[PDB]
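*Asks:* This one's experimental. Sequence and coordinates below.
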Amino acid sequence: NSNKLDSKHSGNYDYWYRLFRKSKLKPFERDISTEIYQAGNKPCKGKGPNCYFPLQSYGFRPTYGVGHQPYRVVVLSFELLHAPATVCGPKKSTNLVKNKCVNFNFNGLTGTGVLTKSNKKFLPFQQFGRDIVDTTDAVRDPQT
Amino acid sequence: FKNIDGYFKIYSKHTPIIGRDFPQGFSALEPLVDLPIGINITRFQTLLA
Amino acid sequence: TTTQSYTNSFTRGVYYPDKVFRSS
Ligand SMILES: *[C@@H]1O[C@H](CO)[C@@H](O)[C@H](O)[C@H]1NC(C)=O
Ligand SMILES: *[C@@H]1O[C@H](CO)[C@@H](O)[C@H](O)[C@H]1NC(C)=O
Ligand SMILES: *[C@@H]1O[C@H](CO)[C@@H](O)[C@H](O)[C@H]1NC(C)=O
């Protein structure tokens, strides 16, 4: 609910909404237009009887009922399909704890064992570590 | 450059060269960026100064 | 303008396929 930023003394008629459209609205379609709705068979372009403006106001005052308050509505649309991920959740990090058996989930690789300091010569682009037989051996700390 | 499953990848490496132009000495080549382009790359063109 | 001369690439243009460190 937004009764503080969409309301004030002496009233406010800033917002608008449409009740008279030639047809229904396709999902995710914007219909920004000021076209007078036709009534009967007149080509009337104006305001008055049988000649209605397409959009009306959402006049807001700090004193209404609950069903008339200026609710702030935000809808989040997502695409959960087979496509490269670009926006996603806050992956959480923890401490390290060296020289101790521990389950590790470094940046998506999961395994078990003991981790400690090393003297690799890791190239800056390098992220993983392996051996002759393709087994994850050394992991660079993503936060250190 | 390549566009395997999208994910445009660019690998760059700068060598001061020798008196020749295209040398024969080996020069490893390191990645620089990889971003999810996901478009049908078919044609290629360069820009001049 | 430009030319279309052809030259031999020799041994050239090998990049790191992955980011996994190796040695020896
Ligand atoms: C990780 O982010 C924190 C938060 O600002 C910062 O203090 C720290 O230096 C960063 N470390 C690295 C390796 O980016
Ligand atoms: C063009 O790229 C899109 C990206 O996902 C892909 O789905 C599509 O198949 C590509 N076009 C062709 C002809 O393969
Ligand atoms: C490829 O290069 C070498 C010499 O530059 C030779 O095999 C042949 O002439 C070339 N092939 C062409 C130009 O189609």
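*Replies:* Looks like it arrived, so ask away. Numbering: from 1, shown residues only, chains lettered A, B, ... in the order given. Ligands and ions are numbered 1, 2, ... in the order given.

*Asks:* Spell out which parts of chain C neighbour chain A.
*Replies:* C:16, C:18-22 (CB under 8 Å from any CB of the partner chain). No exception for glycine: its C-beta is placed from N, CA and C like everyone else's.

*Asks:* Can you tell me which of those residues end up in helices?
*Replies:* Using DSSP state H, the subset of these located in helices is empty.

*Asks:* What is the most widely separated pair among those?
*Replies:* C:19 and C:22 (10.9 Å; CB to CB).

*Asks:* most surrounded residue in the residues of chain C next to chain A?
*Replies:* When neighbours are counted by other CB atoms under 10 Å in any protein chain shown, residue C:21 leads the residues of chain C next to chain A with 21 neighbours.

*Asks:* partners of that residue in the sheet?
*Replies:* For residue C:21, the beta-bridge partners under DSSP bridges are residue A:129.

*Asks:* where does whichever residue of chain B sits closest to chain A fall, phi/psi-wise?
*Replies:* The minimum distance from chain B to chain A, using CB to the nearest CB, falls at residue B:36 (3.5 Å). Backbone torsions of residue B:36, given as degrees, to the nearest 10, read phi -80, psi 80.

*Asks:* Run a quick neighbour tally on the residue nearest to it when sequence neighbours are not counted.
*Replies:* Closest residue to residue B:36 apart from its sequence neighbours, by CB to CB, 6 or more residues apart in numbering or on different chains: residue A:84 at 3.5 Å. Residue A:84 has 11 neighbours, counted by other CB under 10 Å.

*Asks:* Repeat that for the one 10 residues further on.
*Replies:* Using other CB under 10 Å, residue A:94 has 9 neighbouring residues.

*Asks:* re earlier: between the residues of chain C next to chain A, which is nearest residue A:69?
*Replies:* residue C:19 (53.8 Å).

*Asks:* Does the residue in chain B that chain C sits nearest to have any beta-bridge partners, and if so which?
*Replies:* Per CB to the nearest CB, residue B:29 is where chain B lies closest to chain C, at 3.7 Å. Applying DSSP bridges to residue B:29 gives these bridge partners: residue C:15.

*Asks:* my read: residue A:22 touches residue A:37, true?
*Replies:* Yes - here residue A:22 reaches residue A:37: they are 7.5 Å apart, a contact under CB atoms under 8 Å.

*Asks:* Have a look at these two and say which one is more surrounded.
*Replies:* More neighbours surround residue A:37 than the other of residue A:22 and residue A:37, with 15 against 10 (other CB under 10 Å).

*Asks:* nearest residue to the more buried one other than its sequence neighbours?
*Replies:* residue A:20 (3.8 Å).

*Asks:* That neighbour belongs to a strand, doesn't it?
*Replies:* No - counting by DSSP: H, G, I helix; E, B strand; the rest coil, residue A:20 is not found in a strand; it is coil.

*Asks:* I appreciate the help and will end here.
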